[PDB]
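Residue numbers (PDB author numbering): 1094 to 1240, 1249 to 1313, 1322 to 1336.
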């Protein structure tokens, strides 16, 4: 009865909690606990899914802008929206979970071709949603050209989340590179390419910003650079 009333709520709550984990000290084991939690979540979902397959009105998930009888695909597409998010590992586990949930979906269960089905209408919106970042599109990347350190770090987070989303998609073979590159080509990709000549491996202390080691935490900046 409780899961019949509570599956998506706690799931999105844990998503957000781990997102907060990205927002602070990320080395603590709380991330492992959330990972184990969502493992339990996917384990019960794969154990019990037919209720999710039907639109069953549960408690509204905290992250759920609409309001209707909740279905599996509801939160499936909701999580799909929550990709490219500036929580690189939260986004990574999210996309891997969704990938393992395509079998759970009542549509193209075995085929990844459900992504192809949504691609027909969403030919380009994956650039603005699945690859939302880089510069949140462009805009976060243009400010990175004249340039704080925290802004640098969050921009790197967004860019790397988008890049890893690209890599996961292409290596999954669930999407073609020509579909994502050359048709919905992202300027942020080559902007980062240029930024490599700008700051990566030669500006190991600055980003040609002139606007601001431990007094400047160049260690974590370098950690991000190597990442």
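Think of the CB as a built atom: it goes at the ideal place given N, C-alpha and C, for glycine as much as any other residue.
{"Item": "For residue 1094, tell me which candidate among 1126, 1113, 1112, 1149 has the shortest Cα-Cα distance.", "Value": "1149"}
{"Item": "Since residue 1227 sits in a beta bridge, which residues does DSSP pair it with?", "Value": "1230"}
{"Item": "Report yes or no: do three or more beta-carbon pairs, one from the segment 1192-1200 and one from the segment 1129-1148, lie closer than 8 Å?", "Value": "yes"}
{"Item": "Spatial neighbours of residue 1257 within its chain, please: C-beta separation below 7 Å, excluding the five flanking residues on both sides.", "Value": "1333"}
{"Item": "Got a sec, what are the start and stop residues for the alpha helix (DSSP H) residue 1242 sits in?", "Value": "A gap in the chain, from 1240 straight to 1249, means residue 1242 has no coordinates in the model shown."}
{"Item": "For the alpha helix (DSSP H) containing residue 1258, list its first residue and its last residue.", "Value": "1250-1272"}
{"Item": "I need the boundaries of the alpha helix (DSSP H) containing residue 1218, first residue and last residue.", "Value": "1218-1221"}
{"Item": "DSSP on residue 1134, reduced to helix/strand/coil?", "Value": "helix"}
{"Item": "Just to confirm before moving on: does the CB-CB distance between residue 1308 and residue 1269 stay below 8 Å?", "Value": "no"}
{"Item": "Please report the Cβ distance between residue 1177 and residue 1234, rounded to the nearest whole angstrom; I am assuming they are in contact, meaning their Cβ atoms lie under 8 Å.", "Value": "That belief does not hold up - the Cβ atoms of residue 1177 and residue 1234 are roughly 14 Å apart, past 8 Å."}
{"Item": "Where does residue 1095 fall in DSSP's three states?", "Value": "helix"}
{"Item": "Applying the 10 Å Cβ sphere with the 16-neighbour rule, what's the burial state of residue 1288?", "Value": "exposed"}
{"Item": "Tell whether a beta-carbon distance below 8 Å holds between residue 1101 and residue 1168.", "Value": "yes"}
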